[PDB]
Amino acid sequence: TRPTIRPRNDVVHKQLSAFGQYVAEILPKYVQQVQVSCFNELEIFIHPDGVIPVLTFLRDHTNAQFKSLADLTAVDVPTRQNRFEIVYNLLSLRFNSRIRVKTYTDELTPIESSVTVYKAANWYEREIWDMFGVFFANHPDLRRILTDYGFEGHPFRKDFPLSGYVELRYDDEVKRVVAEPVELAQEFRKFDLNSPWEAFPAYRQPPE
Amino acid sequence: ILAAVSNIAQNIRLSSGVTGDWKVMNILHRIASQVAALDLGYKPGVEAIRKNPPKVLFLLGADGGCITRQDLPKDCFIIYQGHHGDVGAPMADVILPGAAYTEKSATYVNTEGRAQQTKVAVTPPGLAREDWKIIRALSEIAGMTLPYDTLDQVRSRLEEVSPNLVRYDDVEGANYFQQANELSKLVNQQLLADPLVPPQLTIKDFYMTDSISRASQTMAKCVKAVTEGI
Amino acid sequence: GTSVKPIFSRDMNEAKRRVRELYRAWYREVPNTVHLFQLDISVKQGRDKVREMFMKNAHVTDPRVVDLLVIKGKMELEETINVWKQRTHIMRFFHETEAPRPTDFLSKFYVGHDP
Amino acid sequence: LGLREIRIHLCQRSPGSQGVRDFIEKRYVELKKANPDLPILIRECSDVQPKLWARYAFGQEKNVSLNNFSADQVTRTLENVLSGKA
Amino acid sequence: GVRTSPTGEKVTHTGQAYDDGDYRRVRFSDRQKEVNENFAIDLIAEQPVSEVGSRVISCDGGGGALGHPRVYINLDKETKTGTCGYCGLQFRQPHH
Amino acid sequence: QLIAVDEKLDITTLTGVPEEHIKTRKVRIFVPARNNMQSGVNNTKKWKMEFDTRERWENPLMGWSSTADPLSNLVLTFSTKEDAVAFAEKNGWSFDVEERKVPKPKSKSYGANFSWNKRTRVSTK
Amino acid sequence: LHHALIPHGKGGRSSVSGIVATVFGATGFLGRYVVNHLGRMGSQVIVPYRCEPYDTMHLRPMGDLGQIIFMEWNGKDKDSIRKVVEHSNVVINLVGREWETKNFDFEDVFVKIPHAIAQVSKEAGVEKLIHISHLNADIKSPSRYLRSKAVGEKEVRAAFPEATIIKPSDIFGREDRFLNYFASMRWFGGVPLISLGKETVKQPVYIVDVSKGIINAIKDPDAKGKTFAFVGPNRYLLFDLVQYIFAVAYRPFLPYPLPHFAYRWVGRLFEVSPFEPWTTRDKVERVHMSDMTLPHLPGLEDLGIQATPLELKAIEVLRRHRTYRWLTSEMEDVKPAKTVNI
Ligand SMILES: NC(=O)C1=CN([C@@H]2O[C@H](COP(=O)(O)OP(=O)(O)OC[C@H]3O[C@@H](n4cnc5c(N)ncnc54)[C@H](OP(=O)(O)O)[C@@H]3O)[C@@H](O)[C@H]2O)C=CC1
Ligand SMILES: [Zn+2]
């Protein structure tokens, strides 16, 4: 257990659990769940309507003052009714801590923009709009950031194909770069890698 | 023989009574396409062709050699549509390449009466096409075009002809044994004094049965192994 | 009820007026686009293309989907006006290198293995 | 011009097919005795509706709804179809 | 041992050559076809069979960790030699 | 502040998928069968959505397998059957659903190998 | 069908169309479009070239990997012709030159080379042969170019009975010598037109139409021994055509009549250059001659092609000849010229 196993820190575990207690107590209206992982990471699951309040609290409260927004991303889970899971990672330099706030949405429900709370979100939300198609309400300028001009679709969705639907080549007849339906000389080879025996009994699910 | 077996089943039913839903009578088929063809109203056997020889003959994958050109008049237009060159291909005037069971999403009916559908794993080689698509294209070319254009539409028509062909895992059926038993008593054809011998006498007759089996080198190896041990 | 949240419009009337204003803007912008990008198409051709693009989504009855389509159309128009798009991006709407794929049964039967 | 096949799709446990079922269990055999060479295909139905299909020369085909028909109505419909009617 | 087809094209160790009816030959016009002349099937046949006085021998291909995984080959069969599944080396026992 | 939309959810216009890949495609929703080369059953837990196989030809150069179907490698994983059905419905795809197959419970007995009169007794062990 | 040449795919760049084509004269105006159209389908294209390989690099991106194969050849050496057509099922001939060099004459490029190509193709078993002639090819024509074209047409037909012969007329396009030729005469101030260009009628055809017609003739099974005439949809007088050309390019049109003998002398003067001549006496004769009318021959409509009128594609050719002030003018601004049809 000593050499090849990652050591556990329980002091940070208790501190993060107590702060989850504190945050869940102050904001019962929006906080839906608080979790602490075994590698000492604190997550708060909130109702979407509380994106602006909770974040503001975490930025402005004296005991929290999470004054840095490290990252803002989304995860696509097609099996959920609310498809997209929005993740905010915040850093507190005053207390040398990190926190995670997660909410959810679907293809048609917008989310309040947090640019007022964090100026850094301006581009991040654009990427979430570009890659996942999640609309953010009250954004100073929401447009595509990463894909090509006029690119149809949101590639980071699970149902979007790996190679897309169109490809570009230069045509001499029209004397310009044109887009055509994608064709591949060699098809991407799909590998079925998952083993038919479970690896981790701790994560076993109810027998359905 | 069918009348005798139905009589045995009738005796069993009228002696033991109606035990419930047991369905004593059973017919064991050996052809994948037989039950579907019977469900669609085809005439079993080739008696009609011998009785009234046609001028145009459509061989839809028929390789049993039951009908040859000696059984047909001259200038007979034989059309073969299939996937292997076998008994029925060299006698054809036009050959239409079709798809095999691994190359189409097609419906086959079990000996139980259970309908199932295959899935496309590969695509037909060369210029080979799906069989119903070939027939539909031919109908359009002749001007007497068919009212269905996709696979779902032809399966809707299939449901119209026989609705049980679109229930893809249900084996439940209705027993009408007594009606068929009553109808079997009208004719009284006499049995033949010939012993019942199956065509499948030994293991060596099992490997090559259809066109795909005959074209397989593994089955030829198996036959050569069972004929001489070595 | 379905308990759904709006983006901009409450019903289909607000969505339709937004669609109409976006169509007005595109109709106004087409000649300027033709002059700036030095396109070899006519203004009438470009307006037909705009009309066809709008009519492709004429079947939508959800105000939320209509609002999102209008938002995407505004982004496309902003890219076109600011000349962020190049001539290639504008001309991709016309598909001048793609041979016409036939639709009837016999042509599909003659060409390939798929419907 | 003439009759080539008859198809009765009856829904096995649906109440609306009850009368049709009665016909099959009573007066089908006699009918098949009157028409030794007429295909009369008795087929299983979904949860939808009982129907009767009549096919004529050159692939003409028309159907009649048999929902809630009594056995007498079913045999009258067969008598009409078999005769030069409908 | 590389041979030549009646077309005049060198036949690879996999035994493939473009047919006389194959247009793909044009890619070799004014150019050459890359063929390796060291056929492994011919080179391994020239190796003498090794006679060892044990029922089970071990083969690692030679070189230790620079060979293949070490395997054990049984030599009870007398009408056939024991072949390594990795290297193709043959082993037998003193006979006659 | 709600609008209470009525009709069926449809996001086909917002996905960027070409029309020919919506109206002509057929998806299969199923639980994959256990690989009979193994006894583990961990791959028979989740539901899967895949698409119908399209044409694959061979490259004139090097003889590789070329395709033109962009959805030939797309497989989606779902918890329940109705989740997959809802996803397919809202994405505008026609679907075929195969109901889950489970091996029925079997009555095993080691003593049956040594029956006094039944046929169950084993010739060798 | 030597199954490696059965169509497979969606007709894309990576697809296989069953076409193996040897395109003689593929480094020219029509050749680049023909090769591009062949490579779009996924065809195996053989490009015989005699020029510097650099001058062929614009043909590199027109096909998938290995689909375009370049080989050297000589017009006078039949061994190279055999070497480049050994494995092709289609041979397209586009070899021609508007002027005579010291090494090749009109008979060399329009009679000898086409006949050698046809004979070698017939010997090698090529199934389809497409040969390009001129609409105005006549044995008794006043120009050597068209007399050679007619003689070559006869000889190709004799050597390859099942050849498809295509006769276009004054192809216009980005790299043409028809619109660019008239536009470049602005450098001399005035435009010399014999009889003010009022005695000549032209029916020019678009380059993409010709390329599509060649492709469709390749894929047409019943176009074996037929002869086609590819013409545009409108006929114009030379004066009206040049006036429209100068109106599209927004250049001052100052036409003057020049006698036939003097303008022939001008062509003789320009012939002397060792480079590509600006004009020649043969160009003089071909420009001032009316396009023939051949109502007995099939045209582009028989191949499923609808001819593209000059008024929709002139701007893409003549915008390069504009000054900065008129460079952004639209296509709807020129009020198309008068057409003398029927
Ligand atoms: N107005 C028009 O354009 C229409 C064209 N004509 C015919 O259409 C054909 C092609 O037209 P186009 O592309 O415009 O002509 P180009 O001059 O642009 O090119 C002709 C091709 O033929 C090759 N070629 C020319 N001379 C020789 C030679 N002595 N030996 C070998 N190869 C040679 C050239 O190769 P390289 O570049 O290396 O020299 C070149 O690739 C020609 O046969 C022409 O006669 C038909 C009606 C009119
Ligand atoms: Zn070894």
Side-chain angles (χ1 to χ4, degrees), chain E residues 44 47 50 57-63 67-73 82-91, chain G residues 23-35 47-56 58-59 70 72-77 80-81 84 92-114 116-117 130-137 145-146 148-149 152-153 156 165-181 202-207 210-211 214 228-232 276 282-283 286-287 291-292:
Chain E
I44 193 66
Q47 291 300 114
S50 189
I57 194 66
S58 72
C59 188
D60 62 339
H68 62 73
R70 181 175 68 199
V71 288
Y72 293 78
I73 307 160
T83 314
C84 182
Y86 287 98
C87 204
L89 291 184
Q90 287 176 61
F91 312 84
Chain G
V23 190
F24 289 92
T27 58
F29 174 42
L30 173 58
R32 68 196 292 159
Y33 290 84
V34 165
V35 170
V47 179
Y49 72 98
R50 65 179 177 88
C51 56
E52 159 72 32
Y54 177 97
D55 291 317
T56 70
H58 69 285
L59 303 165
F70 298 88
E72 183 178 1
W73 64 273
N74 200 306
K76 313 180 161 154
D77 197 351
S80 66
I81 309 187
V84 302
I92 307 147
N93 177 41
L94 316 167
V95 166
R97 195 53 95 205
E98 267 195 317
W99 53 89
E100 279 181 356
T101 67
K102 71 177 180 290
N103 292 277
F104 293 89
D105 291 331
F106 280 150
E107 183 178 1
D108 299 354
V109 306
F110 288 138
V111 182
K112 279 179 176 57
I113 285 174
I117 286 172
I130 312 291
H131 169 72
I132 293 281
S133 164
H134 207 282
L135 179 85
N136 303 328
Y145 182 102
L146 300 167
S148 301
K149 282 275 200 188
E153 183 174 336
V156 168
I165 287 171
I166 296 184
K167 297 154 66 81
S169 75
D170 303 304
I171 305 173
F172 72 89
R174 272 191 188 92
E175 306 95 352
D176 61 357
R177 316 198 58 105
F178 185 67
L179 297 192
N180 300 332
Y181 169 85
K202 293 299 204 182
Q203 208 174 355
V205 62
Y206 192 35
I207 177 67
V210 176
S211 306
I214 292 186
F228 291 84
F230 290 3
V231 297
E276 319 179 11
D282 181 82
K283 188 52 172 290
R286 287 198 336 269
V287 159
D291 267 3
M292 307 197 162

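First listed ligand is number 1; within each ligand, the first listed atom is number 1. So that the names make sense, note that chain A is the first sequence line, chain B the second, and so on, each numbered from 1. Both backbone and side-chain heavy atoms feed into the values below; hydrogens, waters and symmetry mates do not.
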Polar-atom distance check: [X] versus ligand 1, any N or O pair below 3.5 Å?
X	result
G:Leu30	yes
G:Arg50	yes
G:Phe110	no
G:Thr27	yes
G:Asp170	no

With the Zn ion (ligand 2) at the centre, find the angle made by SG from E:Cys84 and NE2 from E:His68, to 10°. 100°
The single option from G:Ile171, G:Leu135, G:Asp170, G:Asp291 that satisfies side chain to side chain contact (heavy atoms under 4.5 Å, CB included) with G:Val205 is G:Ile171
Among all the protein's non-hydrogen atoms, which is closest to [atom], and how far away is it?
atom	answer
atom 38 (O) of ligand 1	G:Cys51 CB, 3.3 Å
atom 4 (C) of ligand 1	G:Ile171 CD1, 3.5 Å
atom 19 (O) of ligand 1	G:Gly28 CA, 3.5 Å
atom 8 (O) of ligand 1	G:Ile132 CG2, 3.4 Å
atom 43 (O) of ligand 1	G:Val95 O, 3.1 Å
atom 18 (O) of ligand 1	G:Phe29 N, 3.0 Å
atom 45 (O) of ligand 1	G:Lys149 NZ, 2.5 Å

So, G:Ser133 versus G:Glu153: side-chain donor-acceptor pair below 3.5 Å or not? yes
Can you measure from [atom1] ([X]) to [atom2] ([Y]) and round to the nearest 0.5 angstrom?
X	Y	atom1	atom2	result
G:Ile166	G:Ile132	CD1	CD1	4.5 Å
E:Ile57	E:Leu89	CD1	CG	11.0 Å
G:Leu146	G:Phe110	CG	CZ	8.5 Å
G:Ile113	G:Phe104	CD1	CZ	5.5 Å
E:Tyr72	E:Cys59	OH	SG	11.5 Å

Strictly below 4.0 Å, N to O, side chains only: are G:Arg97 and G:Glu276 in salt-bridge contact? no
Would you call G:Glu107 and G:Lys112 a salt bridge, taking side-chain N to carboxylate O under 4.0 Å as the test? yes
Closest to [atom] (judged by heavy-atom distance), picking from [options]:
atom	options	value
atom 29 (N) of ligand 1	G:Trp73, G:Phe178, G:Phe104	G:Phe104
atom 16 (P) of ligand 1	G:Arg177, G:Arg97, G:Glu98, G:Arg32	G:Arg97
atom 24 (N) of ligand 1	G:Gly96, G:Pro48, G:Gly25	G:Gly96

If you count the atoms of ligand 1 from 1 in the order shown, which ones are under 4.0 Å from a heavy atom of [X]?
X	result
G:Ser133	46 (C)
G:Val109	29 (N)
G:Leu94	9 (C), 10 (C), 20 (C), 21 (C), 22 (O), 42 (C), 43 (O)
G:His134	47 (C), 48 (C)
G:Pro168	46 (C), 47 (C)

Give me the atom names and distance for the closest heavy-atom approach of G:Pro48 to G:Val23. CD-O, 3.1 Å
Please name the pair of heavy atoms, one in G:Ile81 and one in G:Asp77, separated by the smallest distance, quoted to 0.1 Å. CG1-O, 3.4 Å
A cation-pi test, strictly: NZ or CZ of [X] under 6.0 Å from the centre of the six-membered ring of [Y] and no more than 45 degrees from its axis. Yes or no?
X	Y	answer
G:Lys202	G:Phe178	no
G:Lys167	G:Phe230	no
G:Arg286	G:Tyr145	yes

Heavy-atom distances under 4.0 Å are what count here, so tell me which part of G:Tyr145 touches ligand 1: side chain, backbone, both or neither. side chain
The Zn ion (ligand 2) to nearest N/O/S of E:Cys59 below 2.8 Å: yes
